[PDB]
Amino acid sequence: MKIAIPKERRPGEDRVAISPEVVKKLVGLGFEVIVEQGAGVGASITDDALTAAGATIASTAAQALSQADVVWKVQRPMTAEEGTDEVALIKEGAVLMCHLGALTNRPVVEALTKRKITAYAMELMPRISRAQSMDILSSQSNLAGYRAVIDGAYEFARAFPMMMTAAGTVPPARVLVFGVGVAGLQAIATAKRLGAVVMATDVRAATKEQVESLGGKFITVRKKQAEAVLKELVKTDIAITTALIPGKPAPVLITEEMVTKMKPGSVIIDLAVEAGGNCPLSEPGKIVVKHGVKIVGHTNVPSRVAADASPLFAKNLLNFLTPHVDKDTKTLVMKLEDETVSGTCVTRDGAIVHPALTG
């Protein structure tokens, strides 16, 4: 039984679905681990590091995937419509585990189904305590929240902390985090430890206590509490927007009228830019300046932390796969009664099986 991990071919993707640690666990389970040469370079994982953990290096993607019964990768495989038929490289009857984007990308699900590949879309992992260790949404977005603050501090022309010096005092940076999910919470924590004053807002009620549990202040006081948001936004140096709703466009939280009222030198980090942005002035993969405000909209923020993101992603993959390996006969049998298997399996043995995708 062979498992294979190719290089990520999508522009700007530097993560890889493997680490030296996870290679050791896979060989211990009975797998022959194969990975394409150069696959981990973006994540600071050399070919030498993988071989030392028990992996074999294939020189091309085709050779890596040719005989593999299990395929791990981070982003969904490219189809022939995208100009590079990666699904054709995957062996017929094989198992694929990755961030598939299955509900918004039916064509890749169809194409895999033609080759009778069983595909598990990791983003559809059920939200149960048992599966927190298998959850790629949490692990990857957490590092994005951290990154958002590092990117904000880089683009900002003042220091985050207050500094009392012989020449005078410079005040702290003021940060406003919109959306207090996983990314939002880590952004608050990273902003606060750097010495910034940190405000936050969110529609969910329980989140106020979460903001306060990191030393942030929640923006509080008929629907016009946008006044209270504006009052803080006008004083804000870095605004980090993290609000999304899967399968839908991101909600507009900072309008253009709102950015005109911000002070010059201010920056907005729009982490929701791939779903249309929480700010309409944001543009994928660009830093635009409007009304004296930098609106930063990098794509694939987890890949900006590829070297920590890759070990975590591969561990999520490992935690998902491990319960289904029976060494008694060196095979994987994915138990169907397992909620993690049924909730995540999109197609199997030449037919689509997920309720949301079936015709």
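Numbers follow the displayed sequence, beginning with 1. Throughout, rigid core stands for the largest set of C-alpha atoms superposing within 1.5 Å between the two forms.
Larger average C-alpha displacement in 7 other deposited structures of this protein, relative to the shown form after a rigid core fit, is seen for 205-213 when comparing 179-187 with 205-213. Between 255-263 and 239-247, the larger root mean square Cα shift in 7 other deposited structures of this protein, once each structure is superposed on the rigid core, falls on 239-247. Coordinates are given for every residue of the deposited sequence from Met164 through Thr165, so that no gap is recorded there. Mean CA temperature factor is higher for 327-335 when stretches 287-295 and 327-335 are set side by side in the entry. Across the two stretches, 344-352 and 14-22, the PDB entry reports the greater mean Cα temperature factor for 344-352.
The top Cα temperature factor in the record, among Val41, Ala314, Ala307, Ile57, falls on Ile57. Per the deposited coordinates, the residue with the largest Cα temperature factor out of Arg193, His99, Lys231, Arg147 is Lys231. When all modelled residues of the chain are sorted by CA temperature factor, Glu257 is found within the highest third. Placement of the Cα temperature factor of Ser303 within the chain: lowest third of the modelled residues, per the deposited record. In the PDB entry, a CA B factor belonging to the highest third of its chain's modelled residues is recorded for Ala226. Ranked against the other modelled residues of its chain, the C-alpha B-factor of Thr220 as given in the entry falls in the highest third. Per-chain ranking of the deposited C-alpha B factor places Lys208 in the highest third.
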